[PDB]
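K.L.:
I am attaching a structure below and will ask some questions about it afterwards.
Derivation of every value follows stated rules applied to the coordinates shown; laboratory data play no part. Virtual Cβ from ideal backbone geometry, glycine too; neighbours counted across all protein chains shown.
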Amino acid sequence: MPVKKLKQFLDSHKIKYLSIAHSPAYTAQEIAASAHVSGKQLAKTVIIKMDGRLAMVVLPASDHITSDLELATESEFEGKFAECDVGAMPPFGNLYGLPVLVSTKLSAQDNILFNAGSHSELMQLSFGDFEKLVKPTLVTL
Amino acid sequence: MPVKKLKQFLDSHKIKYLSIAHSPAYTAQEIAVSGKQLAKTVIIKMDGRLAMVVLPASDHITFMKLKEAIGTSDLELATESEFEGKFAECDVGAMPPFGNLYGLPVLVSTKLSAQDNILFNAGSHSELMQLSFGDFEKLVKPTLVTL
């Protein structure tokens, strides 16, 4: 399970992170709207193929995305983690040997907030801690 | 478990609520949520009956204030064995303010009714729950008191 693995990873590194679980009465849209109204940027992860190799692109949920670039199929990566909902993959590509590309729109913020296993379960940690742990390549998108 | 019972109760009522859990790397000091008025539950005995007083965590109950609010002099703080100790998985001082689920009358400080949300410890000091004060008041039907 990527979430249990993630928490075990962050705990071993003594990371201060929050887990925000929304009740089932909340829709995914209400969650994204609440984060926005709060002045928070909700980050989303998209799986790409860069020169034929799997990578993660991390960018604001409200935004959209070498010349050898294509989106990965669910069976190529996301589908391999069944307990983790499609679109709720945490941006910790390092745990699976995937390079991580992060939007500079996200690096401007004090924290990074993202879905963890489902659209209802969020996780937040400082961008500085995320950047030190993951070592992503920052990209302008 | 009071927390699982509360979530089952709120879900059946289609309530929008958040659960905020702090990783073990967090100290109690860095956990301590400023600006937003954290609510705490205190168990009292009113005329020999167990009741809940819900007020800001920075506030304290006094006998003169509860007596003026309730109208009775038979007031005392409950022992842990009288209520909180009966729920071992739920830490002392982290009891959610849903006294209605246990037949306890709930008394809520007017300082909390001024806020859009109610935020409280839920089972531990590292785990918080938040829902609108309006939803809480409609579900619990507390008596609003000046403390």
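K.L.:
If you go through the stretch A:57-106, how many residues are of a type in the set (S, T, N, Q) and touching a helix residue (DSSP H, G or I) at 6+ places or on another chain (Cβ under 6 Å)?
P.N.:
1
Conditions (1) of a type in the set (A, V, I, L, M); (2) assigned to a loop (DSSP other than H, G, I, E, B); (3) touching a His at 6+ places or on another chain (Cβ under 9 Å), marked per residue:
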| residue | (1), (2), (3) |
| --- | --- |
| A:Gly79 | no, no, no |
| A:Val86 | yes, yes, no |
| A:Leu101 | yes, no, no |
| A:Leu106 | yes, no, no |
| A:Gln109 | no, yes, no |
| A:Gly117 | no, yes, no |
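K.L.:
All but one of (1) in a loop (DSSP other than H, G, I, E, B); (2) over 26 Å from A:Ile31 (Cβ atoms) hold for B:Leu50; state the number of the condition that does not hold.
P.N.:
The number of the failed condition is (1).
K.L.:
Same structure, new question: Looking at the stretch B:1-27 only, could you name the residues that are more than 7 Å from chain A (Cβ to nearest Cβ), within 15 Å of B:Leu139 (Cβ to Cβ) and assigned to a helix (DSSP H, G or I)?
P.N.:
Scanning the stretch B:1-27 gives B:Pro2, B:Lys5, B:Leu6, B:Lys7, B:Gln8, B:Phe9, B:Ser12.
K.L.:
Within the group A:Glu121, A:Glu74, A:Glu70, which residue is acidic (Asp, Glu) and closer than 25 Å to A:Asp11 by Cβ?
P.N.:
From the options A:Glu121, A:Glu74, A:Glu70, the qualifying one is A:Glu121.
K.L.:
Restricting the search to the stretch A:28-55, which residues are within 14 Å of chain B (Cβ to nearest Cβ) and among the β-branched types (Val, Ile, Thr)?
P.N.:
A:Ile31, A:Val37
K.L.:
Please go through the stretch A:48-90 and give me each residue that is in contact with a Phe, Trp or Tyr (Cβ under 7 Å, 6 or more places away or on another chain) and either more than 30 Å from A:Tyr17 (Cα to Cα) or surrounded by fewer than 18 Cβ atoms within 10 Å (Cβ to Cβ) (or both), ordered by number.
P.N.:
Residue satisfying the conditions is A:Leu54 alone.
K.L.:
Which numbered condition trips up B:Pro142, out of (1) farther than 27 Å from B:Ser23 by Cα; (2) more than 13 Å from the chain's Cα centre (by Cα)?
P.N.:
(2)
K.L.:
Among (1) touching a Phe, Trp or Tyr at 6+ places or on another chain (Cβ under 9 Å); (2) within 16 Å of B:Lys40 (Cβ to Cβ), where does B:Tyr102 come up short?
P.N.:
(2)
K.L.:
Okay, next question. Could you give me the residue pairs with C-beta distances under 6 Å whose first residue belongs to the stretch B:11-40 and is surrounded by 13 or more Cβ atoms within 10 Å (Cβ to Cβ), whose second residue is part of a helix (DSSP H, G or I) and of a type in the set (A, V, I, L, M, F, W, C) wherever it lies, and which are 6+ apart or on separate chains?
P.N.:
Here the result reads B:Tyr17/B:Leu10; B:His22/B:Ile31, each pair linking the stretch B:11-40 to a residue that is part of a helix (DSSP H, G or I) and of a type in the set (A, V, I, L, M, F, W, C).
K.L.:
Of all the residues that make up the stretch B:23-60, how many are over 19 Å from the mean Cα position of the chain (by Cα) and not small (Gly, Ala, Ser)?
P.N.:
Looking only at that region, the number is 6.
K.L.:
Inspect all residues belonging to the stretch B:36-44 and state whether any of them is out of contact with any strand residue (DSSP E or B) (no Cβ under 7 Å at 6 or more places or on another chain) and farther than 29 Å from A:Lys16 by Cα.
P.N.:
Checking the stretch B:36-44: not a single residue is out of contact with any strand residue (DSSP E or B) (no Cβ under 7 Å at 6 or more places or on another chain) and farther than 29 Å from A:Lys16 by Cα.
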